[PDB]
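Engineer: Data file model.cif (mmCIF, C-alpha atoms and all ligand atoms) is appended below.
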```cif
data_model
#
loop_
_atom_site.group_PDB
_atom_site.id
_atom_site.type_symbol
_atom_site.label_atom_id
_atom_site.label_comp_id
_atom_site.auth_asym_id
_atom_site.auth_seq_id
_atom_site.Cartn_x
_atom_site.Cartn_y
_atom_site.Cartn_z
ATOM 1 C CA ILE A 1 0.000 0.000 0.000
ATOM 2 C CA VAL A 2 1.458 3.350 -1.080
ATOM 3 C CA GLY A 3 0.202 6.470 0.632
ATOM 4 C CA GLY A 4 -1.784 4.634 3.301
ATOM 5 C CA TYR A 5 -1.820 4.458 7.077
ATOM 6 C CA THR A 6 -1.029 1.822 9.690
ATOM 7 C CA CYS A 7 -4.350 0.021 10.215
ATOM 8 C CA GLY A 8 -3.780 -1.044 13.800
ATOM 9 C CA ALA A 9 -3.433 -4.599 15.064
ATOM 10 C CA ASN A 10 -6.386 -6.820 14.143
ATOM 11 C CA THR A 11 -8.603 -3.934 13.006
ATOM 12 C CA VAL A 12 -9.082 -5.718 9.658
ATOM 13 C CA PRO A 13 -10.040 -9.138 11.037
ATOM 14 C CA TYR A 14 -10.857 -10.750 7.669
ATOM 15 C CA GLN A 15 -7.394 -10.005 6.227
ATOM 16 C CA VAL A 16 -5.173 -13.027 5.629
ATOM 17 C CA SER A 17 -1.557 -13.543 4.636
ATOM 18 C CA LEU A 18 -0.741 -16.366 2.247
ATOM 19 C CA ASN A 19 2.604 -17.852 3.225
ATOM 20 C CA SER A 20 4.872 -20.225 1.314
ATOM 21 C CA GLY A 21 7.909 -19.696 3.510
ATOM 22 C CA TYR A 22 7.298 -15.939 3.291
ATOM 23 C CA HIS A 23 4.332 -13.663 2.718
ATOM 24 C CA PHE A 24 3.477 -13.506 -0.987
ATOM 25 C CA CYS A 25 -0.184 -12.459 -1.273
ATOM 26 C CA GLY A 26 -3.205 -11.339 0.678
ATOM 27 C CA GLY A 27 -6.682 -12.820 0.833
ATOM 28 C CA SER A 28 -9.998 -12.562 2.671
ATOM 29 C CA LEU A 29 -11.684 -15.010 5.041
ATOM 30 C CA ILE A 30 -15.277 -15.493 3.817
ATOM 31 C CA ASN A 31 -16.280 -18.149 6.357
ATOM 32 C CA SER A 32 -14.587 -20.390 8.896
ATOM 33 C CA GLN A 33 -13.044 -22.677 6.253
ATOM 34 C CA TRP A 34 -12.691 -20.677 3.009
ATOM 35 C CA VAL A 35 -10.490 -17.843 1.785
ATOM 36 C CA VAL A 36 -10.794 -15.844 -1.437
ATOM 37 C CA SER A 37 -7.750 -14.416 -3.204
ATOM 38 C CA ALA A 38 -6.489 -13.667 -6.714
ATOM 39 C CA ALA A 39 -5.908 -16.457 -9.193
ATOM 40 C CA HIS A 40 -2.538 -14.906 -10.040
ATOM 41 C CA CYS A 41 -1.516 -15.759 -6.460
ATOM 42 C CA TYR A 42 -1.925 -19.483 -7.158
ATOM 43 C CA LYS A 43 0.851 -21.780 -6.003
ATOM 44 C CA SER A 44 1.252 -25.115 -4.243
ATOM 45 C CA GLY A 45 2.008 -25.458 -0.555
ATOM 46 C CA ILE A 46 0.081 -22.513 0.866
ATOM 47 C CA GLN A 47 -0.250 -21.847 4.569
ATOM 48 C CA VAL A 48 -2.971 -19.341 5.452
ATOM 49 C CA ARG A 49 -2.067 -17.002 8.314
ATOM 50 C CA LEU A 50 -4.985 -15.432 10.158
ATOM 51 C CA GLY A 51 -4.969 -12.896 12.941
ATOM 52 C CA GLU A 52 -1.745 -11.264 11.759
ATOM 53 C CA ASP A 53 -0.487 -7.763 12.275
ATOM 54 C CA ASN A 54 3.309 -7.952 12.302
ATOM 55 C CA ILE A 55 4.040 -10.839 9.929
ATOM 56 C CA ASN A 56 7.569 -11.260 11.322
ATOM 57 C CA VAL A 57 6.680 -11.482 15.036
ATOM 58 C CA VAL A 58 4.404 -13.921 16.861
ATOM 59 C CA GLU A 59 2.154 -11.553 18.793
ATOM 60 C CA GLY A 60 -0.386 -14.061 20.131
ATOM 61 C CA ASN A 61 -3.574 -13.834 18.011
ATOM 62 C CA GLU A 62 -2.346 -15.782 14.975
ATOM 63 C CA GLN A 63 -3.866 -18.934 13.563
ATOM 64 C CA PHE A 64 -1.741 -20.798 10.988
ATOM 65 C CA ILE A 65 -3.716 -23.288 8.892
ATOM 66 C CA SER A 66 -2.606 -25.208 5.813
ATOM 67 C CA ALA A 67 -4.683 -25.209 2.642
ATOM 68 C CA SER A 68 -6.261 -28.508 1.633
ATOM 69 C CA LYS A 69 -7.522 -27.474 -1.811
ATOM 70 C CA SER A 70 -7.263 -24.458 -4.120
ATOM 71 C CA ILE A 71 -9.706 -23.692 -6.945
ATOM 72 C CA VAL A 72 -8.772 -21.163 -9.619
ATOM 73 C CA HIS A 73 -11.709 -19.702 -11.513
ATOM 74 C CA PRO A 74 -12.534 -21.942 -14.532
ATOM 75 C CA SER A 75 -12.107 -19.026 -16.980
ATOM 76 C CA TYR A 76 -9.067 -17.310 -15.461
ATOM 77 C CA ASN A 77 -6.834 -15.858 -18.188
ATOM 78 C CA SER A 78 -3.285 -15.141 -16.983
ATOM 79 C CA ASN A 79 -2.514 -12.897 -19.969
ATOM 80 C CA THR A 80 -5.438 -10.463 -19.534
ATOM 81 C CA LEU A 81 -6.106 -11.140 -15.819
ATOM 82 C CA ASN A 82 -9.789 -11.576 -16.577
ATOM 83 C CA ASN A 83 -11.499 -13.629 -13.847
ATOM 84 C CA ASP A 84 -8.606 -13.116 -11.401
ATOM 85 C CA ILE A 85 -10.134 -14.957 -8.458
ATOM 86 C CA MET A 86 -9.475 -18.187 -6.591
ATOM 87 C CA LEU A 87 -10.844 -20.006 -3.574
ATOM 88 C CA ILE A 88 -8.764 -21.759 -0.927
ATOM 89 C CA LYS A 89 -10.184 -24.296 1.502
ATOM 90 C CA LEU A 90 -8.542 -24.621 4.902
ATOM 91 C CA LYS A 91 -7.593 -28.030 6.260
ATOM 92 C CA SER A 92 -9.490 -27.152 9.454
ATOM 93 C CA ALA A 93 -11.975 -24.471 10.421
ATOM 94 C CA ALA A 94 -10.633 -21.224 11.846
ATOM 95 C CA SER A 95 -11.728 -20.160 15.333
ATOM 96 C CA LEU A 96 -13.726 -16.969 14.841
ATOM 97 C CA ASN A 97 -13.499 -14.144 17.380
ATOM 98 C CA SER A 98 -13.258 -10.340 17.466
ATOM 99 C CA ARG A 99 -9.795 -10.391 15.873
ATOM 100 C CA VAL A 100 -10.389 -13.180 13.323
ATOM 101 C CA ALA A 101 -13.674 -12.770 11.506
ATOM 102 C CA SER A 102 -15.248 -13.415 8.129
ATOM 103 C CA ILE A 103 -16.283 -10.708 5.656
ATOM 104 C CA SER A 104 -19.687 -10.905 3.986
ATOM 105 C CA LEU A 105 -20.124 -11.363 0.274
ATOM 106 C CA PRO A 106 -22.101 -8.673 -1.567
ATOM 107 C CA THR A 107 -25.683 -9.002 -2.713
ATOM 108 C CA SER A 108 -25.332 -6.028 -5.064
ATOM 109 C CA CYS A 109 -22.472 -4.456 -6.965
ATOM 110 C CA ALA A 110 -21.056 -1.213 -5.602
ATOM 111 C CA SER A 111 -21.367 1.961 -7.659
ATOM 112 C CA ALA A 112 -18.701 4.479 -8.584
ATOM 113 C CA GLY A 113 -18.087 6.981 -5.806
ATOM 114 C CA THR A 114 -18.448 4.454 -3.008
ATOM 115 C CA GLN A 115 -15.573 4.654 -0.531
ATOM 116 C CA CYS A 116 -13.762 1.399 0.220
ATOM 117 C CA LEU A 117 -10.975 0.082 2.446
ATOM 118 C CA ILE A 118 -7.971 -1.632 0.844
ATOM 119 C CA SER A 119 -5.379 -3.357 3.011
ATOM 120 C CA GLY A 120 -2.160 -5.341 2.713
ATOM 121 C CA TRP A 121 1.503 -5.881 3.520
ATOM 122 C CA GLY A 122 2.780 -4.857 0.101
ATOM 123 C CA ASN A 123 5.396 -2.357 -0.970
ATOM 124 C CA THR A 124 4.902 1.190 0.317
ATOM 125 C CA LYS A 125 6.958 3.090 -2.295
ATOM 126 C CA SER A 126 6.097 4.093 -5.863
ATOM 127 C CA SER A 127 9.800 4.259 -6.754
ATOM 128 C CA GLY A 128 12.013 1.839 -4.885
ATOM 129 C CA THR A 129 11.095 -0.883 -2.438
ATOM 130 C CA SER A 130 10.220 -0.886 1.255
ATOM 131 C CA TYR A 131 8.057 -3.649 2.636
ATOM 132 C CA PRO A 132 6.281 -3.042 5.936
ATOM 133 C CA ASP A 133 5.925 -5.725 8.532
ATOM 134 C CA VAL A 134 2.571 -4.446 9.854
ATOM 135 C CA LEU A 135 -0.680 -4.128 7.940
ATOM 136 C CA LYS A 136 -1.308 -0.921 5.983
ATOM 137 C CA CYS A 137 -4.678 0.529 5.000
ATOM 138 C CA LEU A 138 -5.990 2.894 2.348
ATOM 139 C CA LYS A 139 -9.394 4.474 1.884
ATOM 140 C CA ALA A 140 -10.172 4.927 -1.802
ATOM 141 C CA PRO A 141 -13.251 5.433 -3.996
ATOM 142 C CA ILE A 142 -14.470 3.283 -6.844
ATOM 143 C CA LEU A 143 -13.952 5.124 -10.107
ATOM 144 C CA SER A 144 -16.404 5.410 -12.976
ATOM 145 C CA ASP A 145 -16.126 2.744 -15.645
ATOM 146 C CA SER A 146 -15.585 5.550 -18.170
ATOM 147 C CA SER A 147 -12.548 6.843 -16.269
ATOM 148 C CA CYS A 148 -11.273 3.296 -15.741
ATOM 149 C CA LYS A 149 -11.521 2.388 -19.430
ATOM 150 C CA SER A 150 -9.937 5.713 -20.431
ATOM 151 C CA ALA A 151 -6.935 4.972 -18.186
ATOM 152 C CA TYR A 152 -6.467 1.448 -19.603
ATOM 153 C CA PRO A 153 -7.858 1.441 -23.161
ATOM 154 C CA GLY A 154 -8.727 -2.033 -24.375
ATOM 155 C CA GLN A 155 -7.855 -3.745 -21.086
ATOM 156 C CA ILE A 156 -10.907 -3.388 -18.774
ATOM 157 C CA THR A 157 -13.540 -6.130 -18.849
ATOM 158 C CA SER A 158 -16.921 -6.260 -17.123
ATOM 159 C CA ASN A 159 -15.200 -8.278 -14.345
ATOM 160 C CA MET A 160 -12.924 -5.427 -13.295
ATOM 161 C CA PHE A 161 -13.237 -2.030 -11.669
ATOM 162 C CA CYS A 162 -10.810 0.780 -10.935
ATOM 163 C CA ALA A 163 -10.382 2.318 -7.499
ATOM 164 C CA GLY A 164 -8.001 4.935 -6.178
ATOM 165 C CA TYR A 165 -6.828 8.360 -7.299
ATOM 166 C CA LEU A 166 -6.108 9.610 -10.816
ATOM 167 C CA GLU A 167 -3.729 12.206 -9.357
ATOM 168 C CA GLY A 168 -1.555 9.341 -8.120
ATOM 169 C CA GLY A 169 0.253 8.965 -4.831
ATOM 170 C CA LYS A 170 -2.136 6.430 -3.242
ATOM 171 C CA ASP A 171 -2.595 2.862 -4.465
ATOM 172 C CA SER A 172 -2.105 -0.798 -3.746
ATOM 173 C CA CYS A 173 1.210 -2.301 -4.795
ATOM 174 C CA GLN A 174 3.260 -5.464 -5.131
ATOM 175 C CA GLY A 175 2.552 -7.886 -2.303
ATOM 176 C CA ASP A 176 -0.989 -6.544 -1.806
ATOM 177 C CA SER A 177 -2.267 -8.847 -4.574
ATOM 178 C CA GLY A 178 -5.152 -11.048 -3.535
ATOM 179 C CA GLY A 179 -6.244 -8.767 -0.719
ATOM 180 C CA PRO A 180 -9.623 -7.246 0.062
ATOM 181 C CA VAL A 181 -11.462 -4.191 -1.117
ATOM 182 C CA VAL A 182 -14.279 -3.767 1.417
ATOM 183 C CA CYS A 183 -17.077 -1.225 0.885
ATOM 184 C CA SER A 184 -19.983 -0.735 3.301
ATOM 185 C CA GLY A 185 -19.095 -3.958 5.117
ATOM 186 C CA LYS A 186 -18.997 -6.189 2.031
ATOM 187 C CA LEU A 187 -16.179 -7.663 -0.022
ATOM 188 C CA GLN A 188 -16.446 -5.906 -3.372
ATOM 189 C CA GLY A 189 -12.943 -6.281 -4.801
ATOM 190 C CA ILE A 190 -9.739 -8.290 -4.914
ATOM 191 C CA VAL A 191 -6.387 -6.586 -5.487
ATOM 192 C CA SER A 192 -5.532 -7.617 -9.054
ATOM 193 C CA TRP A 193 -3.340 -5.425 -11.299
ATOM 194 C CA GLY A 194 -2.145 -1.993 -12.342
ATOM 195 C CA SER A 195 0.711 -0.231 -14.098
ATOM 196 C CA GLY A 196 3.406 0.272 -11.486
ATOM 197 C CA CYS A 197 2.045 1.718 -8.261
ATOM 198 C CA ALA A 198 0.490 5.066 -7.459
ATOM 199 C CA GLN A 199 1.301 6.633 -10.842
ATOM 200 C CA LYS A 200 -0.739 9.494 -12.256
ATOM 201 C CA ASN A 201 -3.647 8.344 -14.442
ATOM 202 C CA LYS A 202 -3.010 4.647 -13.656
ATOM 203 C CA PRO A 203 -5.328 3.626 -10.810
ATOM 204 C CA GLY A 204 -5.479 0.145 -9.368
ATOM 205 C CA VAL A 205 -7.632 -2.489 -11.072
ATOM 206 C CA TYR A 206 -9.631 -4.902 -8.933
ATOM 207 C CA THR A 207 -11.584 -8.088 -9.548
ATOM 208 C CA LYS A 208 -15.326 -7.326 -9.355
ATOM 209 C CA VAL A 209 -16.442 -9.833 -6.718
ATOM 210 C CA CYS A 210 -20.191 -9.230 -7.137
ATOM 211 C CA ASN A 211 -20.007 -11.033 -10.514
ATOM 212 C CA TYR A 212 -18.703 -14.196 -8.813
ATOM 213 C CA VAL A 213 -21.035 -14.720 -5.841
ATOM 214 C CA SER A 214 -23.003 -17.519 -7.517
ATOM 215 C CA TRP A 215 -19.806 -19.401 -8.411
ATOM 216 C CA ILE A 216 -18.401 -18.899 -4.900
ATOM 217 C CA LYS A 217 -21.557 -20.137 -3.204
ATOM 218 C CA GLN A 218 -21.956 -23.206 -5.429
ATOM 219 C CA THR A 219 -18.273 -24.116 -5.139
ATOM 220 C CA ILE A 220 -18.295 -23.909 -1.330
ATOM 221 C CA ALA A 221 -21.512 -25.935 -1.170
ATOM 222 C CA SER A 222 -19.940 -28.903 -3.011
ATOM 223 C CA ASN A 223 -16.300 -28.900 -1.844
HETATM 224 N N1 LIG A 301 -2.714 -1.373 -7.726
HETATM 225 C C1 LIG A 301 -1.592 -1.656 -8.380
HETATM 226 N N2 LIG A 301 -0.924 -0.641 -8.888
HETATM 227 N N3 LIG A 301 -1.185 -2.909 -8.516
HETATM 228 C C2 LIG A 301 -1.884 -4.090 -7.995
HETATM 229 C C3 LIG A 301 -0.971 -4.932 -7.142
HETATM 230 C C4 LIG A 301 0.270 -5.326 -7.905
HETATM 231 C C5 LIG A 301 0.957 -4.103 -8.445
HETATM 232 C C6 LIG A 301 0.016 -3.284 -9.290
HETATM 233 CA CA CA A 302 2.481 -12.102 13.745
#
```
Using the file provided, produce a representation of the structure as structure tokens.
Structural biologist:
Amino acid sequence: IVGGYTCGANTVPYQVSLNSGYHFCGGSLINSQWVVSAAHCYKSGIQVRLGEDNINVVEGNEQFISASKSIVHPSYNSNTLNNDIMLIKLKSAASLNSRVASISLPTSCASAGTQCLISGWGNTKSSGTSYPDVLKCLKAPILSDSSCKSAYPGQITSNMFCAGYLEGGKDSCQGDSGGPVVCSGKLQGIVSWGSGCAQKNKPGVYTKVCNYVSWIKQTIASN
């Protein structure tokens, strides 16, 4: 997250870290046994880390649970990043509390102008590299589809939305991939792609979760 603020320990209780020896992506807990993330975060041997703030220090509220199965969207395209969503089932159910909690799925898509919360442990600089150890947060609005398509001509599908600031300076960044965009208490987005980080006229692009609720619900119900 570039241009954000320190969230505060366990103030984003649905935020997860995906760990393969090191943090490599974010995700969101959507019930006691399932996490949603970006398909471009797919790899084997994932451990899901819940209840994290400082990812390098054991602070006492963590739950570390191995994945038992991962399911990349059937129509994910790695070249265009269309349908950039995956589901991860935990080997055992998480213990839900005030600091580890699920985030609701949307019943309706969010409109442009809605303010959302984006969070992650990704790079905090637009030029250079500095990775924080504690969770960072950013409040950002959903942009109009017209502004989104004008920023990325020929690249924005119906399954994507832009959020952030056309002026630049505030955005998600590398290592935030997979993480949540929460608006009015519902998961509306997944951190997906962009051109660099926090550049003028290049906002972040997010997977539009409301399009996938049916697939999520049916997949969970049979796996
Ligand atoms: N919002 C961005 N600029 N992103 C998404 C996360 C990866 C780097 C590009
Ligand atoms: Ca920790």
Engineer: Let me see if you get this right: every residue at most 8 Å from ligand CA 302 (chain A), counting all atoms listed in the file, written as JSON, numbers by chain.
Structural biologist: {"A": [51, 52, 53, 54, 55, 56, 57, 58, 59, 60, 61, 62]}
Engineer: Let me see the file: selected residues, C-alpha atoms, as a PDB file, in the frame of the given file.
Structural biologist:
```
ATOM      1  CA  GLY A  51      -4.969 -12.896  12.941  1.00  0.00           C
ATOM      2  CA  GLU A  52      -1.745 -11.264  11.759  1.00  0.00           C
ATOM      3  CA  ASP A  53      -0.487  -7.763  12.275  1.00  0.00           C
ATOM      4  CA  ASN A  54       3.309  -7.952  12.302  1.00  0.00           C
ATOM      5  CA  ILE A  55       4.040 -10.839   9.929  1.00  0.00           C
ATOM      6  CA  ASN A  56       7.569 -11.260  11.322  1.00  0.00           C
ATOM      7  CA  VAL A  57       6.680 -11.482  15.036  1.00  0.00           C
ATOM      8  CA  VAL A  58       4.404 -13.921  16.861  1.00  0.00           C
ATOM      9  CA  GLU A  59       2.154 -11.553  18.793  1.00  0.00           C
ATOM     10  CA  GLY A  60      -0.386 -14.061  20.131  1.00  0.00           C
ATOM     11  CA  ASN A  61      -3.574 -13.834  18.011  1.00  0.00           C
ATOM     12  CA  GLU A  62      -2.346 -15.782  14.975  1.00  0.00           C
TER      13      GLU A  62
END
```
Engineer: Let me see if you get this right: every residue at most 7 Å from ligand LIG 301 (chain A), counting only C-alpha atoms and all ligand atoms, written as number ranges by chain.
Structural biologist: A: 171-177, 191-198, 203-205
Engineer: Name the residues that the PyMOL selection byres (((chain A and resi 143-156) around 7) and not hetatm) picks from the file above, as a PDB file with C-alpha atoms, in the coordinates of the input, using the file's chain letters and numbers.
Structural biologist:
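Below is the file that was written, result05.pdb:
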```
ATOM      1  CA  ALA A 112     -18.701   4.479  -8.584  1.00  0.00           C
ATOM      2  CA  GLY A 113     -18.087   6.981  -5.806  1.00  0.00           C
ATOM      3  CA  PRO A 141     -13.251   5.433  -3.996  1.00  0.00           C
ATOM      4  CA  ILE A 142     -14.470   3.283  -6.844  1.00  0.00           C
ATOM      5  CA  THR A 157     -13.540  -6.130 -18.849  1.00  0.00           C
ATOM      6  CA  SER A 158     -16.921  -6.260 -17.123  1.00  0.00           C
ATOM      7  CA  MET A 160     -12.924  -5.427 -13.295  1.00  0.00           C
ATOM      8  CA  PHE A 161     -13.237  -2.030 -11.669  1.00  0.00           C
ATOM      9  CA  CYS A 162     -10.810   0.780 -10.935  1.00  0.00           C
ATOM     10  CA  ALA A 163     -10.382   2.318  -7.499  1.00  0.00           C
ATOM     11  CA  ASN A 201      -3.647   8.344 -14.442  1.00  0.00           C
ATOM     12  CA  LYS A 202      -3.010   4.647 -13.656  1.00  0.00           C
TER      13      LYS A 202
END
```
Engineer: My list of candidates is A:7, A:216, A:210, A:12. Which is closest to residue 100 in chain A when distances are computed with all atoms listed in the file?
Structural biologist: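 Smallest distance to residue 100 in chain A is found for A:12.
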Engineer: Any chance you could resolve the PyMOL selection byres (((chain A and resi 84) around 7) and not hetatm) against this file and give the residues as a compact mmCIF listing (two decimals) with C-alpha atoms, keeping the file's coordinate frame?
Structural biologist:
```
# COMPACT_ATOMS: atom_id res chain seq x y z
CA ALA A 38 -6.49 -13.67 -6.71
CA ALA A 39 -5.91 -16.46 -9.19
CA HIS A 40 -2.54 -14.91 -10.04
CA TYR A 76 -9.07 -17.31 -15.46
CA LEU A 81 -6.11 -11.14 -15.82
CA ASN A 82 -9.79 -11.58 -16.58
CA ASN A 83 -11.50 -13.63 -13.85
CA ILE A 85 -10.13 -14.96 -8.46
CA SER A 192 -5.53 -7.62 -9.05
CA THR A 207 -11.58 -8.09 -9.55
```
Engineer: Set the distance at 12 Å and use only C-alpha atoms: which residues neighbour residue 139 in chain A once local chain neighbours fewer than 4 positions away are removed? I'd like the list as a list in words.
Structural biologist: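 Result of the neighbour search: residues 1, 2, 3, 4, 5, 6, 7, 113, 114, 115, 116, 117, 118, 119, 163, 164, 165, 170, 171, 172, 180, 181, 182, 183 and 184 of chain A.
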Engineer: In Å, rounded to a single decimal, give me how far CA of residue 10 in chain A is from CA of residue 121 in chain A.
Structural biologist: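 CA of residue 121 in chain A sits 13.3 Å away from CA of residue 10 in chain A.
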Engineer: Any idea what's packed within 6 Å of residue 102 in chain A, counting all atoms listed in the file, ignoring anything in its chain fewer than 3 positions away? Could you give it as a PyMOL selection string?
Structural biologist: chain A and resi 14+29-31
Engineer: Just the number, please: distance in Å from CA of residue 64 in chain A to CA of residue 17 in chain A, one decimal.
Structural biologist: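 Result for CA of residue 64 in chain A versus CA of residue 17 in chain A: 9.6 Å, one decimal.
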Engineer: Please tell me which residues are no farther than 10 Å from (-6.4, -16.2, -1.9) in the file, counting all atoms listed in the file, and write them as a ChimeraX atom specification.
Structural biologist: /A:16-18,25-29,34-42,46,48,70-72,85-89,177-180,190
Engineer: Show me, as a list in words, the residues that have an atom within 9 Å of residue 90 in chain A when counting only C-alpha atoms, minus same-chain residues fewer than 2 positions from it.
Structural biologist: residues 32, 33, 34, 35, 47, 48, 65, 66, 67, 68, 69, 88, 92, 93 and 94 of chain A
Engineer: Calculated over all atoms listed in the file, which of the candidates A:185, A:120, A:74, A:106 has the smallest distance to residue 24 in chain A?
Structural biologist: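 Closest candidate: A:120.
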Engineer: Counting only C-alpha atoms, figure out which residue out of A:219, A:123, A:188, A:159 gets nearest to residue 80 in chain A.
Structural biologist: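 The answer is A:159, which sits nearest to residue 80 in chain A.
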Engineer: Determine the nearest neighbour of residue 50 in chain A from the options A:73, A:99, A:136, A:23, counting all atoms listed in the file.
Structural biologist: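 Closest to residue 50 in chain A, using all atoms listed in the file: A:99.
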Engineer: Restricting the calculation to only C-alpha atoms: of A:43, A:138, A:127, A:49, which residue gets closest to residue 13 in chain A?
Structural biologist: A:49
Engineer: State, in Å with one decimal place, the distance from CA of residue 187 in chain A to CA of residue 104 in chain A.
Structural biologist: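 CA of residue 104 in chain A lies at a distance of 6.2 Å from CA of residue 187 in chain A.
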